[PDB]
Structures are given as structure tokens and as C-alpha cells.
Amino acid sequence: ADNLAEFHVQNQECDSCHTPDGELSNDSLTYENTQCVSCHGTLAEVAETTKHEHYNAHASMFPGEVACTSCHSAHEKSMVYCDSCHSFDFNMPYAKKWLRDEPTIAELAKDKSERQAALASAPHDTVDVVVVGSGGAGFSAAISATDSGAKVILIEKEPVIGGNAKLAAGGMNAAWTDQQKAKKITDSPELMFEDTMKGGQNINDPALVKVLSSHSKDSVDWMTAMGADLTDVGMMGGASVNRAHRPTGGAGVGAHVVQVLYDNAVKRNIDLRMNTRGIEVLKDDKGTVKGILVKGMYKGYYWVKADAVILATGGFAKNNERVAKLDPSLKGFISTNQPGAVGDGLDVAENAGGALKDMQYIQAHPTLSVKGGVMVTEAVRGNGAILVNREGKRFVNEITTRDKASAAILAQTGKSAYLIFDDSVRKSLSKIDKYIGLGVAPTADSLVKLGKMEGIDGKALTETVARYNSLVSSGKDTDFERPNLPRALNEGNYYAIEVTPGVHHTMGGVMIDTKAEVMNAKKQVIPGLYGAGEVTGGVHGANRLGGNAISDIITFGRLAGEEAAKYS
């Protein structure tokens, strides 16, 4: 049996999986995944029969309901989605090796017979607002437009929701929240603004930064008002004080936030379509938006008529070819991103007239795990970890900006470095348990034994932590002037995580204004068209601050949905 339907036909009828006419229910395959779940159980039930002590195909962090068909296709062999980032030992029946090859918008130019026919038919739906992309900005935008009295359709090209947003760890920057108040933090949006602007090297558009800071408490108040926990306020690089909010005790902010937005779209019955890619923004004869053409992976091309289209497609940090064109020094680096973060959403924007900006500014996250090929939150350093090179020495202020840390780390022997911390640090940030669980955190009861495990000079490293630890006690890092030295590393065992920069965020993208309206090369608004989140440029300038993109997607997402819903 060469495929799963074949294998199942053997002892079962076509309509155990299909509807009575046999047509696919929709591009989310709702009816058809329901059939799967009626015989094999829900996702959790199936993981119960798939256990492995360190991994489970049917488990993970992905928020929302994760279709069986995200990995099991019926009439063809298919791929395990977790192979886009991991290499877990898998035995998927009817597997084929992960390979993402998605046509670019320009390639889809070849489909002009199908596209023309779709366009000559009537709209498949007629609504007020179409929001493209189910990451943080997309959900927020759908929600705020629904709540502003707009009818929404939310489309996601992947099989699963959440984009890069569901991967977020260290936190959401907000200032002068009650959450920093209760933790005895003192900040102003002026300070969040001035951290931002200096962090971006003054490249940032000041009015967008001004919206980011001025609305950040409100954005956190919004999410909390909706079901989120963002009471743990941690430090991140280039911030003056702590302001990265995440759930109580340091757990990842991303999966959680995407799971609160998701329940909030569901509570409101928001029409959410998976395996549905936004292809072309359509315009009327006075150049304002009139709808969008989309490509359903399962039912084909079709268009939706609407007054406003919200592009919330995220960045292009998975696309190294486009990154390497813009920054040749990144060419070849591994990315931290989900597999579809390739910038098609930008092409859609440009094709509609939107002009791009700040596109050559691409952030590399300083600490991707050499071993796991996954990002290790910067909150590990904010909660007190240091970095050491192979000589067992510190070489950089670990809570500096990302450009600078990345550069420092690449200049170290073997082009990588090590996060080193103890149980005090581990205990303060539950996410670390996740890296310990992934196996990327070697551990030992002394620094000589850890250095010996890991190839770092043992006595040097020992002497390094003891100087660090006196520096913590005496409150001033006179070696690298790290301004926040929150913990001595002297409680319980020790751990090391081998780290090196990976491609992580594109700070450039479509030009938007304070209302989240896309503009053109002459700086004119494109009536009906908005942009929110990593798809935009102007917010983070030359260097984004850890913590700011999540605050960015919530604030621009939310404002775009209200601007779009009022626009109509």
C-alpha cells in the first residue's frame, strides 16, 4: 500500500473519510479531519499511543487544533511538519522527506487561465475585511475588526496557525504597566521609546515607534483583558529595565499568546481558513481595494470581495536567498523561523502598489542552539546566564544589542560560544526546562567537569564564573559593562548550551503609517489596504529589541483591524 487512503480502502469505504457527495469540505479539511478523530481519537489521545520519553509526534507546543492532515495526506505520501526544524527519529507511515518548495507569487503568474476564470466568476464570499496570515498580528486584527462590527475572513497558507508568533519565548515589551508596577519595576513609554530608538540606531520611524511605546501597556492590557498571563517581566538585550512580559514563572509567551487569540477568534465564530494563501490584492477602477484572490490548496483559486485587506504575513527570515541578496554576510546561516516565513506576503503587498523600506536590515538572533538548530531565548541571558568562549572566558556584555552580540559570538573560536548558567537561573525561567528537555543543555556538578564535557578550558571557566560572581556581588561589571547583573551563578549544578547566530527577523517590509495603512513609493495611502506586524518596515529600524516584535504585532494588528473596520 503506497499511500494511506489506499492502505485504508483495503477494508473501508470511501465515505468513512468523505462527505456524501465526496467533495472536500473546505481547504481546512474540517469534515475529513473530524473523520480521522472519530476513529483514532483526538490529537492528545493519539499521542498517548505514540510516546517516546523525549519526543512525541502528536504532542507539542503548537497552539490551536492541529489537523491530522497537517502531516498525513490521504492519497499521496507526505511530510512530518516537525522535520522543518527538528530531526526526531520518525516512522511516519507514508512519509516522504521534508522539503518545502512553494511557488513564489511571481511563479503563480503561470496560472492565468485558472486565475482569469476565478476572477470572472462571482466572489466566493462577500465580507467587510480579509486578514491574511494567522500569526499574532493576524488574529489581533481579525478580533479588533470583528469587535469594531466588521465581518472577517482570516486566511493562513500553512496547515497550522500561529506563524512565527507561536514560537515566541522571552516576551512582550510593554511599559509602564501595572505588571512592572507590581514587580517593582519603574519604566515610562518614553524610556521604552528611547530604548527602542537607540536600539534601532535612530533609523526607526519615530511615529511608528511612538505608537509602539504609547500603546504597549494598552496592548498588554488588551491581551490580559482577553485571557493572557503577562505578569513575569524579564530583561532582554538593549532595554534599560525589565519589561519583557511572559507568563508567570518565565514560560514561552508565544504559544500562549497565540492560544489566547485563537480561543478569542473561536469565541466570536471568526471564519478561519487554513491551506489558503493570499495571492493578489484586487482593486477597483479608482484604485481602492475591492477584494483578494486566494489559492485554496484543496479547492483551488477563488476570490473574496471585501472593502479592506489586512496583510499580516510576517517576515522573510526563512528565505536565505532573499536574505543573502540583501545581506551577503547572512548567506548560509540557519534560520529560527517557521517554514513558510519567506516573504510572499511582501510580494503581495508590492504587487498592490505598497512600497518597501528598511529591507537590508535583517536581524540574526545571537543564540541559536548549535546542537538543536533551534533558537535559545535571550531571556536565558536576561535572567542571568553569561556567555563564554572556548577559552572559558567571557567576551561580551550578554544583554547588549543583537547586532553586537552576534558579531561578538561569530568572532569567537570556532564561531560559536556557550551560554553558562546554574539552577538559580534555570529555576527563574521555566522555558530552560524545555532546552534541558531537548537535550541541548549539558550539565555537571562543577565547572571543571562541564568544561571537560563540552570542550571549554575547565579551570579558566571556573575562574571566569567566580570573577563574574564577585562582579554580581559588587554590582558593577567592570569587564564588559553589562548593566544588569541579576544573579550570582552559584546555586546547584551548572549547564552549558552551545550557541551561534541564526537568521531571525526582517526589520524592513511594507511602508505603513500610524493607522497601519499601506502607502506607495510617493507616500500615498492605498485605500482599503493595511499592514501589521513583521511584514512592515519602519518600526524596529536597523536593530530590533528582544521583546518588541510581539508588542509590535499586537498593537499594529489591533489598530489595523479597527482602522480597516471603520474604513469599512
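Each residue number is its position in the shown sequence, starting from 1.
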{"item": "Greater mean Cα temperature factor according to the PDB record, 51-59 or 26-34", "value": "51-59"}
{"item": "Higher-B stretch (mean Cα B-factor, as the entry records it), 169-177 or 311-319", "value": "169-177"}
{"item": "Residue with maximal Cα B-factor (values as given in the PDB entry) among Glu498, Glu158, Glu398, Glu194", "value": "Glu194"}
{"item": "Residue selected from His72, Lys434, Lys183, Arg381 by maximal Cα B factor", "value": "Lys183"}
{"item": "Position of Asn548 among the chain's modelled residues by C-alpha B-factor, lowest, middle or highest third", "value": "lowest"}
{"item": "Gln412, C-alpha B-factor rank within chain (lowest, middle or highest third)", "value": "middle"}
{"item": "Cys68, C-alpha B-factor rank within chain (lowest, middle or highest third)", "value": "middle"}
{"item": "Lowest, middle or highest third - CA B-factor, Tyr81", "value": "middle"}
{"item": "Third assignment of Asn490 from its chain's C-alpha B-factors", "value": "highest"}
